[PDB]
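With mmCIF, N, CA and C atoms and all ligand atoms inside, this is protein-v4.cif:
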```
data_work
#
loop_
_atom_site.label_atom_id
_atom_site.label_comp_id
_atom_site.auth_asym_id
_atom_site.auth_seq_id
_atom_site.Cartn_x
_atom_site.Cartn_y
_atom_site.Cartn_z
N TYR A 51 69.97 -4.49 9.54
CA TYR A 51 70.04 -5.82 8.88
C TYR A 51 68.67 -6.50 8.98
N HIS A 52 67.67 -5.88 8.35
CA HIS A 52 66.28 -6.30 8.47
C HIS A 52 66.06 -7.71 7.95
N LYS A 53 66.68 -8.01 6.81
CA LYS A 53 66.59 -9.33 6.20
C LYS A 53 67.26 -10.41 7.03
N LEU A 54 68.44 -10.09 7.56
CA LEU A 54 69.11 -11.00 8.47
C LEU A 54 68.25 -11.33 9.70
N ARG A 55 67.72 -10.30 10.37
CA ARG A 55 66.89 -10.50 11.57
C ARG A 55 65.72 -11.45 11.29
N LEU A 56 65.07 -11.26 10.14
CA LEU A 56 63.99 -12.16 9.72
C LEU A 56 64.49 -13.59 9.53
N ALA A 57 65.62 -13.74 8.86
CA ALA A 57 66.20 -15.07 8.62
C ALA A 57 66.60 -15.78 9.92
N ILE A 58 67.15 -15.02 10.86
CA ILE A 58 67.53 -15.59 12.16
C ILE A 58 66.31 -16.09 12.92
N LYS A 59 65.21 -15.34 12.88
CA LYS A 59 63.98 -15.78 13.52
C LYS A 59 63.49 -17.11 12.93
N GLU A 60 63.62 -17.26 11.61
CA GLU A 60 63.19 -18.51 10.98
C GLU A 60 64.08 -19.68 11.39
N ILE A 61 65.38 -19.41 11.51
CA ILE A 61 66.31 -20.44 12.02
C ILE A 61 65.91 -20.80 13.45
N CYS A 62 65.64 -19.78 14.28
CA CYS A 62 65.18 -20.03 15.65
C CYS A 62 63.90 -20.89 15.71
N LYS A 63 62.93 -20.59 14.87
CA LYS A 63 61.72 -21.43 14.80
C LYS A 63 62.00 -22.88 14.41
N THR A 64 62.82 -23.07 13.38
CA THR A 64 63.19 -24.42 12.91
C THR A 64 63.90 -25.23 13.98
N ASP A 65 64.76 -24.56 14.75
CA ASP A 65 65.51 -25.25 15.78
C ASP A 65 64.77 -25.35 17.14
N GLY A 66 63.53 -24.87 17.19
CA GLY A 66 62.74 -24.87 18.42
C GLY A 66 63.38 -24.11 19.56
N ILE A 67 64.01 -22.98 19.24
CA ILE A 67 64.60 -22.12 20.27
C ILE A 67 63.52 -21.45 21.12
N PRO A 68 63.65 -21.52 22.46
CA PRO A 68 62.70 -20.82 23.34
C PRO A 68 62.69 -19.35 22.98
N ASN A 69 61.51 -18.75 22.88
CA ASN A 69 61.45 -17.39 22.33
C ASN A 69 62.15 -16.30 23.17
N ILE A 70 62.36 -16.56 24.46
CA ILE A 70 63.06 -15.60 25.31
C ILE A 70 64.55 -15.53 24.97
N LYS A 71 64.85 -16.42 24.15
CA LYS A 71 66.26 -16.41 23.77
C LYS A 71 66.52 -15.81 22.37
N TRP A 72 65.56 -15.59 21.59
CA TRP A 72 65.73 -15.16 20.19
C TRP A 72 66.56 -13.87 20.08
N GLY A 73 66.30 -12.90 20.95
CA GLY A 73 67.06 -11.65 20.97
C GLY A 73 68.57 -11.86 21.02
N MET A 74 68.99 -12.86 21.79
CA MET A 74 70.40 -13.19 21.89
C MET A 74 70.97 -13.70 20.57
N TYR A 75 70.22 -14.57 19.88
CA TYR A 75 70.66 -15.05 18.55
C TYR A 75 70.66 -13.93 17.52
N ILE A 76 69.65 -13.06 17.56
CA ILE A 76 69.60 -11.92 16.64
C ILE A 76 70.81 -10.99 16.80
N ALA A 77 71.09 -10.61 18.04
CA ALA A 77 72.24 -9.78 18.38
C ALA A 77 73.56 -10.42 17.97
N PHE A 78 73.72 -11.72 18.23
CA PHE A 78 74.90 -12.49 17.81
C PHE A 78 75.06 -12.42 16.28
N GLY A 79 73.97 -12.65 15.55
CA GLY A 79 74.03 -12.67 14.09
C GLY A 79 74.33 -11.31 13.49
N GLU A 80 73.68 -10.27 14.01
CA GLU A 80 73.87 -8.91 13.52
C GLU A 80 75.29 -8.44 13.72
N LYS A 81 75.82 -8.71 14.91
CA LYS A 81 77.21 -8.36 15.23
C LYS A 81 78.17 -9.12 14.32
N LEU A 82 77.92 -10.41 14.12
CA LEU A 82 78.80 -11.24 13.30
C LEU A 82 78.78 -10.79 11.84
N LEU A 83 77.60 -10.47 11.32
CA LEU A 83 77.49 -9.96 9.94
C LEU A 83 78.32 -8.70 9.74
N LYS A 84 78.16 -7.72 10.63
CA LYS A 84 78.92 -6.48 10.53
C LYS A 84 80.44 -6.73 10.52
N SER A 85 80.90 -7.60 11.40
CA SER A 85 82.33 -7.94 11.43
C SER A 85 82.76 -8.73 10.20
N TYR A 86 81.94 -9.69 9.77
CA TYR A 86 82.25 -10.43 8.54
C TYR A 86 82.38 -9.49 7.31
N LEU A 87 81.44 -8.55 7.17
CA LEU A 87 81.48 -7.63 6.02
C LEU A 87 82.71 -6.71 6.07
N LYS A 88 83.05 -6.25 7.27
CA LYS A 88 84.28 -5.45 7.44
C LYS A 88 85.52 -6.24 7.00
N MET A 89 85.61 -7.50 7.44
CA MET A 89 86.76 -8.35 7.10
C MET A 89 86.87 -8.62 5.60
N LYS A 90 85.75 -9.00 4.94
CA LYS A 90 85.66 -9.11 3.48
C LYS A 90 86.10 -7.85 2.78
N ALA A 91 85.57 -6.75 3.18
CA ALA A 91 85.91 -5.48 2.51
C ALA A 91 87.41 -5.23 2.58
N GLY A 92 88.04 -5.60 3.69
CA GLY A 92 89.47 -5.41 3.89
C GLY A 92 90.37 -6.55 3.45
N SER A 93 89.85 -7.47 2.64
CA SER A 93 90.62 -8.62 2.18
C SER A 93 91.34 -9.45 3.27
N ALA A 94 90.64 -9.68 4.38
CA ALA A 94 91.11 -10.63 5.39
C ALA A 94 91.27 -11.98 4.71
N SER A 95 92.23 -12.78 5.16
CA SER A 95 92.39 -14.14 4.62
C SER A 95 91.22 -15.04 5.05
N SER A 96 91.01 -16.11 4.31
CA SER A 96 90.11 -17.19 4.69
C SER A 96 90.36 -17.73 6.11
N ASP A 97 91.63 -17.93 6.46
CA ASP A 97 92.00 -18.40 7.80
C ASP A 97 91.56 -17.42 8.90
N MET A 98 91.80 -16.14 8.66
CA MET A 98 91.39 -15.07 9.59
C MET A 98 89.88 -15.05 9.76
N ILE A 99 89.16 -15.16 8.65
CA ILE A 99 87.68 -15.13 8.72
C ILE A 99 87.14 -16.34 9.50
N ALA A 100 87.62 -17.53 9.15
CA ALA A 100 87.24 -18.75 9.86
C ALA A 100 87.54 -18.66 11.36
N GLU A 101 88.74 -18.19 11.70
CA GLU A 101 89.13 -18.03 13.12
C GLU A 101 88.17 -17.09 13.86
N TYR A 102 87.81 -15.97 13.23
CA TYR A 102 86.95 -14.97 13.85
C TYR A 102 85.56 -15.57 14.06
N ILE A 103 85.03 -16.19 13.02
CA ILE A 103 83.72 -16.82 13.10
C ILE A 103 83.70 -17.90 14.18
N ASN A 104 84.73 -18.76 14.16
CA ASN A 104 84.84 -19.84 15.14
C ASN A 104 84.97 -19.30 16.57
N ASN A 105 85.71 -18.20 16.75
CA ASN A 105 85.82 -17.56 18.07
C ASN A 105 84.47 -17.01 18.52
N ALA A 106 83.72 -16.44 17.58
CA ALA A 106 82.43 -15.83 17.89
C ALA A 106 81.45 -16.92 18.30
N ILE A 107 81.43 -18.03 17.55
CA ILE A 107 80.57 -19.16 17.85
C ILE A 107 80.96 -19.80 19.19
N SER A 108 82.27 -19.93 19.44
CA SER A 108 82.74 -20.52 20.72
C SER A 108 82.31 -19.70 21.93
N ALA A 109 82.52 -18.39 21.86
CA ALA A 109 82.15 -17.51 22.97
C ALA A 109 80.63 -17.51 23.23
N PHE A 110 79.85 -17.40 22.15
CA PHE A 110 78.39 -17.36 22.23
C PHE A 110 77.81 -18.68 22.78
N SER A 111 78.32 -19.81 22.26
CA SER A 111 77.88 -21.15 22.64
C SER A 111 78.27 -21.54 24.06
N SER A 112 79.16 -20.77 24.68
CA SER A 112 79.59 -21.06 26.06
C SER A 112 78.55 -20.57 27.06
N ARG A 113 77.59 -19.78 26.60
CA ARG A 113 76.47 -19.35 27.44
C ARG A 113 75.46 -20.48 27.64
N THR A 114 74.94 -20.60 28.85
CA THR A 114 73.97 -21.68 29.12
C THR A 114 72.64 -21.37 28.42
N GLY A 115 72.02 -22.40 27.86
CA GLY A 115 70.76 -22.21 27.14
C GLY A 115 70.94 -21.78 25.68
N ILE A 116 72.19 -21.73 25.22
CA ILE A 116 72.51 -21.42 23.81
C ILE A 116 73.02 -22.66 23.09
N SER A 117 72.56 -22.85 21.86
CA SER A 117 72.89 -24.03 21.07
C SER A 117 73.98 -23.70 20.05
N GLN A 118 75.08 -24.43 20.13
CA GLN A 118 76.16 -24.27 19.18
C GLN A 118 75.69 -24.54 17.75
N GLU A 119 74.88 -25.58 17.56
CA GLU A 119 74.36 -25.93 16.24
C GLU A 119 73.57 -24.77 15.60
N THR A 120 72.75 -24.10 16.39
CA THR A 120 71.97 -22.98 15.86
C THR A 120 72.86 -21.77 15.57
N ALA A 121 73.79 -21.50 16.48
CA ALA A 121 74.81 -20.46 16.23
C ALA A 121 75.53 -20.72 14.90
N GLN A 122 75.90 -21.99 14.65
CA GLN A 122 76.57 -22.38 13.41
C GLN A 122 75.69 -22.16 12.17
N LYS A 123 74.40 -22.50 12.28
CA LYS A 123 73.44 -22.23 11.19
C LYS A 123 73.38 -20.75 10.80
N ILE A 124 73.41 -19.88 11.81
CA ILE A 124 73.40 -18.43 11.59
C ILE A 124 74.68 -17.97 10.89
N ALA A 125 75.83 -18.41 11.39
CA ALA A 125 77.11 -18.14 10.72
C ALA A 125 77.08 -18.66 9.28
N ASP A 126 76.57 -19.88 9.08
CA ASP A 126 76.45 -20.46 7.74
C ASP A 126 75.53 -19.66 6.81
N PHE A 127 74.37 -19.22 7.32
CA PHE A 127 73.50 -18.31 6.57
C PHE A 127 74.22 -17.02 6.14
N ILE A 128 74.97 -16.41 7.06
CA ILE A 128 75.74 -15.21 6.75
C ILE A 128 76.77 -15.46 5.64
N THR A 129 77.60 -16.49 5.82
CA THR A 129 78.72 -16.73 4.88
C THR A 129 78.27 -17.25 3.52
N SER A 130 77.02 -17.74 3.44
CA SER A 130 76.47 -18.18 2.14
C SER A 130 75.62 -17.12 1.43
N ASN A 131 75.27 -16.05 2.14
CA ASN A 131 74.42 -15.01 1.56
C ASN A 131 75.05 -13.62 1.45
N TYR A 132 76.14 -13.39 2.18
CA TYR A 132 76.73 -12.06 2.19
C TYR A 132 78.20 -12.14 1.78
CL CL A 201 70.26 -7.83 5.98
#
```
Output the file's structure as structure tokens, nothing else.
Amino acid sequence: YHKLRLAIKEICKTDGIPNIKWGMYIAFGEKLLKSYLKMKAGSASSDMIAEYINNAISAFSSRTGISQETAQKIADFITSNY
């Protein structure tokens, strides 16, 4: 997901994310994209997709030094581009 990784880095720069943390946001985004595409391909409902995304953002944002707002921007980039 070369294009995604690039886009996540730009989101990280905009949000002033400490660079030691970027790998974590990249991994979160790449994993979420793969799961989102699988769910779309299989005609998951809107409710199911929202629940999965919200669960992913909740779990990731529960880590210290991680921003829920930036996690949400990444999810939003995915759902608006893929
Ligand atoms: Cl990509």
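Counting only C-alpha atoms, the residue from A:121, A:131, A:101, A:90 that sits nearest to residue 72 of chain A is A:121.
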Counting only C-alpha atoms and all ligand atoms, figure out which residue out of A:67, A:83, A:62, A:100 gets nearest to ligand CL 201 (chain A). A:83
Throw together the list of residues within 6.5 Å of ligand CL 201 (chain A), counting only N, CA and C atoms and all ligand atoms, and drop it here as a ChimeraX atom specification. /A:51-55
Backbone DSSP call of alpha helix (DSSP H) for chain A, listed as number ranges by chain: A: 52-64, 72-91, 96-111, 118-131
Can you work out the spacing between atom CA of residue 108 of chain A and atom CA of residue 77 of chain A in Å, to one decimal?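 Computing the Euclidean distance for atom CA of residue 108 of chain A and atom CA of residue 77 of chain A yields 15.2 Å.
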Report the distance between atom CA of residue 98 of chain A and atom CA of residue 116 of chain A in Å, rounded to one decimal place.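 Atom CA of residue 116 of chain A lies 24.5 Å from atom CA of residue 98 of chain A.
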What gap, in Å, lies between atom CA of residue 58 of chain A and atom CA of residue 124 of chain A?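 According to the coordinates, atom CA of residue 58 of chain A and atom CA of residue 124 of chain A are separated by 6.5 Å.
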Calculated over only N, CA and C atoms, which of the candidates A:102, A:109, A:91, A:86 has the smallest distance to residue 128 of chain A?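 The shortest atom-to-atom distance to residue 128 of chain A comes from A:86.
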Near residue 111 of chain A, counting only C-alpha atoms, which residues have an atom at most 10 Å away, once you skip same-chain residues fewer than 6 positions from it, shown as a PyMOL selection string? chain A and resi 105+117-122
From the list A:94, A:110, A:61, A:115, which residue is nearest residue 78 of chain A when using all atoms listed in the file?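 Of the candidates, the smallest distance to residue 78 of chain A is held by A:110.
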Hey, could you pull the box centre and edge lengths for segment 111-123 of chain A, axis-aligned, 6 Å padding per side, all listed atoms, to one decimal in Å, as JSON?
```
{"center_x": 75.2, "center_y": -22.6, "center_z": 20.0, "size_x": 20.8, "size_y": 18.6, "size_z": 30.3}
```
Nearest to residue 60 of chain A, chosen from A:99, A:127, A:82, A:89, with only C-alpha atoms counted in the distances: A:127
Using only C-alpha atoms, which of A:64, A:129, A:114, A:69 sits nearest residue 96 of chain A?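 Comparing A:64, A:129, A:114, A:69 against residue 96 of chain A, the winner is A:129.
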